[PDB]
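The structure appears below as structure tokens.
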Amino acid sequence: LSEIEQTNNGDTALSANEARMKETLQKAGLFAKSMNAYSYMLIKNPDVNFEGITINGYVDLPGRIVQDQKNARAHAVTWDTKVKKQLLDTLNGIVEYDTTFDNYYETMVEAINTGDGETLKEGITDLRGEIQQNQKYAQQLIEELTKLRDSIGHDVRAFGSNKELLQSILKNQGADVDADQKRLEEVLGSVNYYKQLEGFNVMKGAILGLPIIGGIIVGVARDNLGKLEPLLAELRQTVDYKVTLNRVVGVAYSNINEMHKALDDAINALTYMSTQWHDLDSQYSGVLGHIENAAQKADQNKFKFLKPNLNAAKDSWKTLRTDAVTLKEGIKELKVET
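For the sequence shown, counting from 1, position 24 maps to 12 in our numbering; every step adds exactly one.
In structure tokens form, the structure reads like this:
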């Protein structure tokens, strides 16, 4: 075991990259808060109805839009019942890993102090096995997020064409839809937490499901009511049935479209979890090699070099675990208040 191999270096660190992992958790939380808002709205908003609406000869459009909404809702359910769960299981993996690291800690320190190489190798090997399991969780998460994103992509492009056409038809009838679309898009901005930069406080903020004419419900951050006051007043003005119809479609479109963007953003950001576990697997393999090598030395302190590494990981994994639990509770407590 060389002097260089004895430096608690980054390629053999028992710690994950704390700063990066915490950024990841924070993002996972902003993401979820957003997804839950889009899901709430999609399942809560009125079923589009073209009973007395004039479609100027595009007789197939009503069928298309209705299907667009049904496609969007099915996607929100997939998030609520499948993807969300996967996200939660993966976070629970971080917690369980810390629990295992914690449980082995005392025994590992004693092994270092007594020159017990076998115990050290066993501990690290067991942990490497837990890391590899976490690699799977993270990979499965990225797969489900990508599957859901891919699926939505095809639906939003179709929905987009249909909703643009509908807008034209209504505009052609004198509907003030271009202006209302702008207002509706601004009102819906406050719940796009996934776009936010910068602990886990952003999670405590409440989201209100505000009722607007047409049986439409818009989700707005409780602390943005004042700022959106002017727009909210406008939307509350009694309006023609044409504008109302376009709003229902517009909100549904916005929801599914923002879901697509959030997922895409979440992919680029959460993919780091897989990278991190892959790196840890390699880092722990490196540690095994150092343990094996040092085990040949006679000196009683042959494993002391691993101590600072072990101690730094002990604390790092504990902080990550605590935040992982804070995020998990934050995610489970997500709820729009109607």
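Yeah, the Cβ is synthetic: ideal placement off N, Cα and C, and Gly gets one too.
Nearest candidate by alpha-carbon position, reference residue i, set the options
i	options	result
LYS183	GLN121, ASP253 and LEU115	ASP253
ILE319	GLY202, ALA20, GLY274 and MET9	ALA20
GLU246	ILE(-8), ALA64 and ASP(-1)	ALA64
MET9	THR102, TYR260 and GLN169	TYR260
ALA221	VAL179, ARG309 and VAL175	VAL175
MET191	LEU13, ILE31 and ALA300	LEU13
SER270	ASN80, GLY117 and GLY193	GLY117
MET29	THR0, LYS306, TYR93 and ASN243	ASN243
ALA1	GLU317, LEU298 and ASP311	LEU298
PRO50	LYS151, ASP143, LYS135 and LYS285	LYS151
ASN180	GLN(-6), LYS15, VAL313 and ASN5	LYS15
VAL206	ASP(-1), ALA301, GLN288 and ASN33	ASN33
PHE89	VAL54, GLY141 and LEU115	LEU115
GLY203	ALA240, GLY103 and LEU213	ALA240
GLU39	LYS230, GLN(-6) and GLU(-7)	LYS230
Cβ separation of residue i and residue j, assumed to be a contact under 8 angstroms, to the nearest whole Å
i	j	result
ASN234	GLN161	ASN234 to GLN161, Cβ: 11 angstroms. No contact.
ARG210	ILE195	7 angstroms
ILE112	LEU(-11)	No, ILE112 and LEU(-11) are not in contact; Cβ-Cβ is about 15 angstroms, not under 8 angstroms.
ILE82	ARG309	6 angstroms
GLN74	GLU132	5 angstroms
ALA163	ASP228	6 angstroms
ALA126	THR78	6 angstroms
Residues bridged to residue i [DSSP beta-bridge criterion]
i	result
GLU325	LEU196
Where the alpha helix (DSSP H) through residue i begins and ends
i	result
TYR260	260 to 282
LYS306	295 to 320
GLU11	6 to 32
Review point. Going along the chain, which unbroken runs of the alpha helix (DSSP H) with 4 or more residues stay wholly within the region 166 to 238?
Key: List check, alpha helix (DSSP H) in window: 213 to 224.
**Study point:** Segments assigned alpha helix (DSSP H), at least 4 residues, entirely inside the region 50 to 134
**Key:** Within the region 50 to 134, complete alpha helix (DSSP H) segments of at least 4 residues are found at 72 to 102, given in chain order.
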